[PDB]
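J.: pasting the structure only:
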Ligand SMILES: CSC[C@@H]1C[C@@H]1C(=O)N1CCC[C@H](C(N)=O)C1
Ligand SMILES: [Zn+2]
């Protein structure tokens with residue numbers, strides 16, 4: 001579990017969004033596993049606006065932050081699960097690391113700010129849904 005809080009926005013994995021998120025919806029994209037809802041109070045996370053390929057992510061299943069190298073956001077095949085059929089997920093970045101069910105929502109950060117959140121796992125890999133292209137998160 002986990003979310004990004006920027007301005008009056010809450011960014012969460014679409015497959016983990018609560019009833020309250022759907023009742024206060026801003027934007028969602030199933031192909032990216034992202035959902036953004038509106039918040040009453042201002043958030044303080046800064047979104048990275050960069051092309052960094054090294055950062056640090058939080059892994060709840062180990063209670064540890066790990067330094068990782070990760071790929072550029074790409075269309076990657078993700079195996080069928082209880083939340084989606086087998087499909088290509090867009091804007092996804094992979095790293096070698098631990099990720100189990102329960103780790104989605106962990107933040108990946110570089111020197112510029114938040115890069116994205118854990119969205120996939122297994123086979124000794126961890127996948128992060130990028131948010132650096134969502135420039136509107138910084139305004140209105
Ligand atoms: C971090 S949960 C890891 C277990 C292996 C499972 C995994 O990768 N997915 C299950 C949850 C939905 C994900 C998606 N974004 O399509 C895919
Ligand atoms: Zn960066």
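T.: Yes, it's here. Numbers count the residues shown, from 1 in each chain. Ligands and ions are numbered 1, 2, ... in the order given.
J.: quick one: the helices in the chain, in order.
T.: 19-22 (DSSP state H).
J.: centroid residue for it?
T.: Computing the C-alpha centroid of the chain and ranking residues by C-alpha atoms, centre = their mean puts residue 117 first, at 2.3 Å.
J.: touching, that one and residue 10? I think so.
T.: No: Residue 117 is beyond contact range of residue 10, at 11.5 Å (criterion: C-beta atoms under 8 Å). (C-beta placed from N, C-alpha, C; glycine too.)
J.: now for the two: what residues contact both?
T.: Overlap of the contact sets of residue 117 and residue 10 (by C-beta atoms under 8 Å, 6 or more residues apart in numbering) consists of 3-4.
J.: might you report the residue contacts of residue 102?
T.: 1, 60-61.
J.: in this structure, what residue comes closest to ligand 1?
T.: Of all residues in the chain, residue 121 sits closest to ligand 1, at 2.9 Å by C-beta to the nearest ligand atom.
J.: and that residue, how many neighbours?
T.: By other C-beta atoms under 10 Å, the residues close to residue 121 number 19.
J.: now swap in the one 3 residues further on and tell me
T.: By other C-beta under 10 Å, 9 other residues sit near residue 124.
J.: buried residues in stretch 132-140?
T.: By 16 or more other C-beta atoms under 10 Å, the buried positions in stretch 132-140 come out as 132, 134, 137.
J.: can you put these in a markdown table and add distance to residue 17?
T.: Shown next, in a markdown table, are the buried residues of stretch 132-140 (distance: C-beta to C-beta, whole Å):
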| residue | distance to residue 17 |
| --- | --- |
| 132 | 21 |
| 134 | 16 |
| 137 | 16 |
